[PDB]
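Have a look below at one chain only, the form deposited in one PDB entry, in structure tokens format.
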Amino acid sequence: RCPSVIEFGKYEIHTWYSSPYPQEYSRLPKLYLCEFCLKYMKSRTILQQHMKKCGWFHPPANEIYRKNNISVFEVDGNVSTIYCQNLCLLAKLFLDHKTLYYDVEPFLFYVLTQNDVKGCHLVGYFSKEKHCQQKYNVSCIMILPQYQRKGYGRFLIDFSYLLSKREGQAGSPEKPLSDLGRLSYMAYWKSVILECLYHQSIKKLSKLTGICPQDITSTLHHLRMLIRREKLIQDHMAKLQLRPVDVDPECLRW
């Protein structure tokens, strides 16, 4: 409800939840954000004056992944604090609960961009705690509405496990999951398991995949495979081939 709509580059985005934008922006139906620095402003003309002095065309961070027109920037909440606070405020417009927006230091932010001649456009992000005893490989994940349901969410989840695999660890998303988070991960874990079985132990599956034992076990249970169900494997393999956004591990500079 507050705010209700944002203008974000060429996009009008309807918000899902309130976000605690600093007072006088918390009481505004519409916000105008710079698409590259995520600064919030109260009018189109103020945004237009800002685009004239803002020099950013991408996130203020190292690009750790690029393939064709897709990039991932690794942003450190300890270094690019303002930007990461602006990103958390944006994210909260599509999250029912987030931790308070100005403690970003404990996190790294993996920012997804679709790139063209006008720059690297924010699609979404996942955050990740630098030091985490629960071994959560994602704390938060968000794809902007205008890009939702195109495979960007799965790509990011896939990308989160590639980091896990490269740190020599199995990882898991932070719980509680939102309903949308639950559907996304379930959809991801099923397809990874079905595809691996098509192309092939739970501990071995865990090592190849970076998905933790718990999530494999419960996904296997959900599929009543905890035991190969050939019909289900074949049908999924037919569903696939019927993933244009897809992680290539060799494109990782990390």
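All residue numbers are counted from 1 along the displayed sequence. For clarity, a rigid core is taken as the largest C-alpha set superposing within 1.5 Å between two forms. Residues that one form lacks are left out of the comparison.
As for the form deposited in another entry, it is not shown, yet the points below apply to it.
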| query | finding |
| --- | --- |
| Option from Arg44, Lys207, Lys30, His50 moving between the shown form and the other one, CA shift at or above 2 Å, rigid core reference | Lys207 |
| Rigid core superposed: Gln234 CA moves 2 Å or more between the shown form and the other one | yes |
| Per-residue C-alpha change between the shown form and the other one, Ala61, threshold 2 Å, rigid core fit | no |
| Large Cα shift (2 Å or above) at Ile70 between the shown form and the other one, core-fitted | no |
| Closer or farther in that other deposited form, the Cα atoms of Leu163 and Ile216, when the shift from this form is 3 Å or more | farther |
| CA-CA separation of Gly153 and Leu208, closer or farther in that other deposited form than in the form shown [shift of 3 angstroms or more] | closer |
| Displacement runs between the shown form and the other one, C-alpha, 2 Å or more, three or more consecutive residues, core aligned | 201-225, 228-242 |
